[PDB]
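Read through the structure below, which is laid out as structure tokens, and then see the notes.
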């Protein structure tokens, strides 16, 4: 079934008027079913009513309840080289609850409109069945973030090793996590020294070949989610 | 240092005339000059440091010394269904994550098409240059899933993307150390294809978590956990 994210409260009988999003295609008619969700009342199957041949979505039955929000924080530098729509959508698919852009010494790319990021977030959620909408934050400087950082949350970052992340992930005691991936040019030497100086930061290797930032994000999230996260 | 893939043989003194694109790229885009060093490789003779010589205000790269030997080919086979925007990316990520063979697969719900192997191969080279991967993975002619499975080597376990959510316990139980990863198209596998996969004893299903992943996301996430438990991340 198609899935649409809506603003509206969701309950039996809740109505939603197709806001210009009157689709045309995917060519559904009167009586057609789709799934709707809103980020707080879970997932519902709704049926289409059609007053003027406009479209109105009427929620009938709840099909999934609202999960607890995903706790994982994704700290990421925007890239000059490596698409921003892909980075964002993949973070949502891989289970990030918070997307926090980080500005670092070597960043060349820009974040652009947070509006467009949030819209990419919604599209990823609709396509991949994620019912929690991850939060998108305003970009922050890395050093500002590290100074007031909650010590109950471990930051994982990627650094050259043995090149197996698994035994290192296995040693992390904190119940809350954040993955930090830097820009195409990595972290400066000072940034590296500062990360390593933090009690709450752990370095992990990601194999024998250099990975680009977009690759590393999905690869690190996979091993993190499988070892310590919600793939368990 | 920059890294360039070359077709010439490599040894001390080996020369490569930079093509129109390369000269502009190395000299008008990176502004490297006479005596500049860069890295050069060809998929067979390892990786060499070369220096730029110029006979004209035309550039010639002269290999000086070998910095890395040519490694063993990576063994991991990547069996993938076509999707072209996602395809470039797929191909490039596969190289980073260590695939040694890229085998395009036709399945029931395939909607996109390969295009031409020419462009697939150029992407492999780009990725190899960018990430310092010295073995160039081979790109095979597309084949239908049901044909590839007939005489598939009993020796190579196919992992494909179920009841649990964690792939790690399943992956640790794979006795083979020769592997393939299979990822389907956006539309998934038909019921007949699923049956065909579950009925082969050299095939093992793994889950990848509680959210539906895109095929290119799945490919990278799957290769991460396969490399870490069974492959060349260990």
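Chains as they are written, first to last, in our numbering: chain A, 2 to 233; chain B, 6 to 239. We put the beta carbon where it would ideally sit given N, CA and C, even for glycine.
Inter-residue Cα distance where the pair is residue i and residue j
i                     : j                     : result
residue 159 (chain A) : residue 90 (chain B)  : 27 Å
residue 87 (chain B)  : residue 51 (chain A)  : 38 Å
residue 1 (chain A)   : residue 73 (chain A)  : With chain A represented from 2 up to 233, any question about residue 1 (chain A) goes unanswered, as that position is not in the structure.
residue 150 (chain B) : residue 169 (chain B) : 26 Å
residue 12 (chain A)  : residue 42 (chain A)  : 8 Å
residue 66 (chain B)  : residue 134 (chain B) : 16 Å
residue 31 (chain B)  : residue 74 (chain B)  : 24 Å
residue 229 (chain A) : residue 27 (chain A)  : 39 Å
residue 123 (chain A) : residue 14 (chain A)  : 23 Å
residue 45 (chain A)  : residue 46 (chain B)  : 56 Å
residue 201 (chain B) : residue 221 (chain B) : 23 Å
residue 99 (chain A)  : residue 233 (chain A) : 20 Å
residue 4 (chain B)   : residue 144 (chain B) : Absent from the structure is residue 4 (chain B), since the part of chain B shown begins at 6 and ends at 239.
residue 212 (chain A) : residue 223 (chain A) : 14 Å
residue 132 (chain B) : residue 63 (chain A)  : 46 Å
residue 13 (chain B)  : residue 24 (chain B)  : 13 Å
residue 40 (chain B)  : residue 139 (chain B) : 24 Å
Rounded Cβ spacing between residue i and residue j (contact assumed at less than 8 Å)
i                     : j                     : result
residue 227 (chain B) : residue 188 (chain B) : 7 Å
residue 189 (chain A) : residue 107 (chain A) : 6 Å
residue 43 (chain B)  : residue 8 (chain B)   : 7 Å
residue 180 (chain A) : residue 225 (chain A) : 6 Å
residue 109 (chain A) : residue 184 (chain A) : 7 Å
residue 148 (chain B) : residue 183 (chain B) : Contact doesn't hold; Cβ gap of about 19 Å is too wide.
residue 130 (chain A) : residue 124 (chain B) : Contact doesn't hold; Cβ gap of about 33 Å is too wide.
residue 64 (chain B)  : residue 83 (chain B)  : No, residue 64 (chain B) and residue 83 (chain B) are not in contact; Cβ-Cβ is about 36 Å, not under 8 Å.
Minimum Cβ-Cβ distance from residue i to chain A less than 8 Å
i                     : result
residue 74 (chain B)  : no
residue 214 (chain B) : yes
residue 172 (chain B) : yes
residue 238 (chain B) : yes
residue 31 (chain B)  : no
residue 229 (chain B) : yes
residue 14 (chain B)  : no
residue 225 (chain B) : yes
residue 188 (chain B) : no
residue 218 (chain B) : yes
Residue i at chain B interface by Cβ criterion, 8 Å
i                     : result
residue 203 (chain A) : no
residue 3 (chain A)   : no
residue 229 (chain A) : no
residue 117 (chain A) : no
Inset, instruction - Residues of the stretch 135-153 of chain B with a CB closer than 8 Å to any CB of chain A: list them in chain order, please. - result: 135, 136, 137, 138
Inset, instruction - With 8 Å as the C-beta to C-beta threshold (strictly closer), list the residues of the stretch 96-118 of chain B near chain A in chain order. - result: Close to chain A, meaning a Cβ-Cβ distance shorter than 8 Å, are the following residues of the stretch 96-118 of chain B: 98, 101, 102, 103.
Legend entry - beta strand (DSSP E) runs wholly inside the stretch 77-155 of chain B, at least 3 long, in chain order: Runs found: 82-85, 106-111.
Inset, instruction - Could you name the residues of the stretch 40-64 of chain A whose beta carbon sits closer than 9 Å to any beta carbon of chain B, in the order they occur along the chain? - result: none
Legend entry - Chain-ordered residues of the stretch 19-43 of chain B with a beta carbon less than 9 Å from chain A: none
Inset, instruction - With 7 Å as the limit, tell me which residues of the stretch 66-82 of chain A have their beta carbon closer than that to any beta carbon of chain B; keep them in chain order. - result: For the stretch 66-82 of chain A, no residue has a beta-carbon sitting nearer than 7 Å to a beta-carbon of chain B.
Inset, instruction - Run through the stretch 157-232 of chain B for me and flag every whole alpha helix (DSSP H) of 4 or more residues, listed as ranges in chain order. - result: Fully enclosed alpha helix (DSSP H) runs of 4 or longer: 172-177, 196-203.
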